[PDB]
Protein chains: 2
Amino acid sequence: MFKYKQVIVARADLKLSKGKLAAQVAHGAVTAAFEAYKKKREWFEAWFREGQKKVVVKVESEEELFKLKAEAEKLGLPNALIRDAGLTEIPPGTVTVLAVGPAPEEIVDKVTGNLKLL
Amino acid sequence: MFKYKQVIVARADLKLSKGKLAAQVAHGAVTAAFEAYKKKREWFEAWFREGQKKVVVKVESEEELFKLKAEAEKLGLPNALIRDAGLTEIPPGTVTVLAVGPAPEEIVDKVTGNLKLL
Ligand SMILES: [Zn+2]
Ligand SMILES: [Zn+2]
């Protein structure tokens, strides 16, 4: 089993194409990965050598993303709430995804454990 | 404007679900972003500063990913060819995507320029 993982929560309600959604998830993964690299170096390295497991789940609102981000901050988890200015097709400042981790899988689940796969 | 970008080339012939595609694209983006961070810090920082633009394009064969990887290596561009072990849904060692960049957009296109958006 993978002891470490990064879960990216994506807003399915925005109905982004498979491609643009993938790009948004990537923004989240990269940003949160570097957050971990800087603030939780050991978690990052362990995750990386293990195969940097990632799981993509979904939610249907920005409200849900903000709530989950607050939970992640409370736990001290590396995370990244994404807003893409290059995404002019949606309102400015619109949040697209929330990446949680890398971190020990159990702690990431403490946040996203009740979310469904996308 | 975006002077830098990262292009993630995904195999459309694998017919990956929306969620697994995003996960694979993320693996590529993260691995390639760290390659840039370590080997082309300046390109990484500019990219990150501009909003780390990412574009997901496609190819219809496994050979195309390797041909593109060779070109990216020849040009000294940060890149990452992904093979997801955890993705036991497909043959072991099957390549899913190739992330190219971050780097100046024109040089990234020198590799992926003729590929269609996914
Ligand atoms: Zn090579
Ligand atoms: Zn160009």
# chains A, B, ... in the order shown; residues from 1 in each chain; ligands from 1
>>> closest_atom_pairs(of="chain B", to="ligand 2", cutoff="6 Å", atoms="only C-alpha atoms and all ligand atoms", output="tab-separated table")
residue	atom	partner	partner_atom_place_in_ligand_line	distance
B:105	CA	ligand 2	1 (Zn)	5.1
B:106	CA	ligand 2	1 (Zn)	4.0
B:109	CA	ligand 2	1 (Zn)	5.1
>>> write_last_selection(atoms="N, CA, C and O atoms", output="PDB file, in the first residue's frame")
ATOM      1  N   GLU B 105       8.039  29.359 -24.217  1.00  0.00           N
ATOM      2  CA  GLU B 105       7.010  28.735 -25.046  1.00  0.00           C
ATOM      3  C   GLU B 105       7.448  28.301 -26.446  1.00  0.00           C
ATOM      4  O   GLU B 105       7.067  27.222 -26.913  1.00  0.00           O
ATOM      5  N   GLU B 106       8.250  29.119 -27.117  1.00  0.00           N
ATOM      6  CA  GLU B 106       8.687  28.772 -28.462  1.00  0.00           C
ATOM      7  C   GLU B 106       9.533  27.498 -28.502  1.00  0.00           C
ATOM      8  O   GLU B 106       9.440  26.719 -29.451  1.00  0.00           O
ATOM      9  N   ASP B 109       7.275  24.491 -27.960  1.00  0.00           N
ATOM     10  CA  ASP B 109       6.564  24.201 -29.203  1.00  0.00           C
ATOM     11  C   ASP B 109       7.473  23.553 -30.242  1.00  0.00           C
ATOM     12  O   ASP B 109       6.995  22.877 -31.154  1.00  0.00           O
TER      13      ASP B 109
END
>>> interface_residues(of="chain B", to="chain A", cutoff="9 Å", atoms="only C-alpha atoms", output="ChimeraX atom specification")
/B:8,17-31,33-34,48,51-57,84-86,117-118
>>> residues_near_ligand(ligand="ligand 1", cutoff="12 Å", atoms="only C-alpha atoms and all ligand atoms", output="JSON, numbers by chain")
{"B": [65, 66, 67, 68, 69, 70, 71, 72, 73, 74, 75, 76, 77, 78, 79, 80, 81]}
>>> write_last_selection(atoms="N, CA and C atoms", output="compact mmCIF listing (two decimals), in the first residue's frame")
# COMPACT_ATOMS: atom_id res chain seq x y z
N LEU B 65 5.21 9.41 -27.93
CA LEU B 65 5.71 9.95 -26.67
C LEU B 65 7.23 9.84 -26.58
N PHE B 66 7.78 8.72 -27.03
CA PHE B 66 9.22 8.53 -26.99
C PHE B 66 9.95 9.42 -27.98
N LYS B 67 9.36 9.62 -29.16
CA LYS B 67 9.98 10.49 -30.16
C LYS B 67 10.05 11.90 -29.60
N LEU B 68 8.97 12.32 -28.95
CA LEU B 68 8.91 13.66 -28.37
C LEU B 68 9.88 13.78 -27.20
N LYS B 69 10.02 12.71 -26.42
CA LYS B 69 10.94 12.75 -25.29
C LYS B 69 12.37 12.94 -25.79
N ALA B 70 12.72 12.24 -26.86
CA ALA B 70 14.06 12.36 -27.41
C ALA B 70 14.34 13.80 -27.82
N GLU B 71 13.38 14.41 -28.52
CA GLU B 71 13.56 15.79 -28.96
C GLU B 71 13.71 16.75 -27.78
N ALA B 72 12.89 16.55 -26.75
CA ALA B 72 12.95 17.41 -25.56
C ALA B 72 14.31 17.27 -24.88
N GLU B 73 14.85 16.06 -24.86
CA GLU B 73 16.14 15.85 -24.25
C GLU B 73 17.23 16.50 -25.07
N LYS B 74 17.13 16.38 -26.38
CA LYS B 74 18.10 16.98 -27.29
C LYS B 74 18.19 18.49 -27.11
N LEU B 75 17.05 19.12 -26.85
CA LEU B 75 16.98 20.56 -26.66
C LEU B 75 17.27 21.00 -25.22
N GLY B 76 17.58 20.04 -24.36
CA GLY B 76 17.88 20.36 -22.97
C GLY B 76 16.69 20.85 -22.16
N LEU B 77 15.49 20.44 -22.56
CA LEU B 77 14.28 20.87 -21.87
C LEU B 77 13.87 19.94 -20.74
N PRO B 78 13.37 20.52 -19.63
CA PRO B 78 12.92 19.72 -18.50
C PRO B 78 11.78 18.88 -19.06
N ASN B 79 11.73 17.59 -18.74
CA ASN B 79 10.65 16.76 -19.25
C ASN B 79 10.50 15.53 -18.38
N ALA B 80 9.37 14.85 -18.52
CA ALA B 80 9.11 13.66 -17.72
C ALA B 80 8.16 12.73 -18.45
N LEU B 81 8.62 11.50 -18.66
CA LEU B 81 7.82 10.47 -19.32
C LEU B 81 7.26 9.66 -18.17
>>> select_by_dssp(residues="segment 28-109 of chain B", states="strand (DSSP E or B)", output="ChimeraX atom specification")
/B:54-59,79-83,95-104
>>> atom_distance(atom1="atom CA of residue 5 of chain B", atom2="atom CA of residue 99 of chain B")
10.7 Å
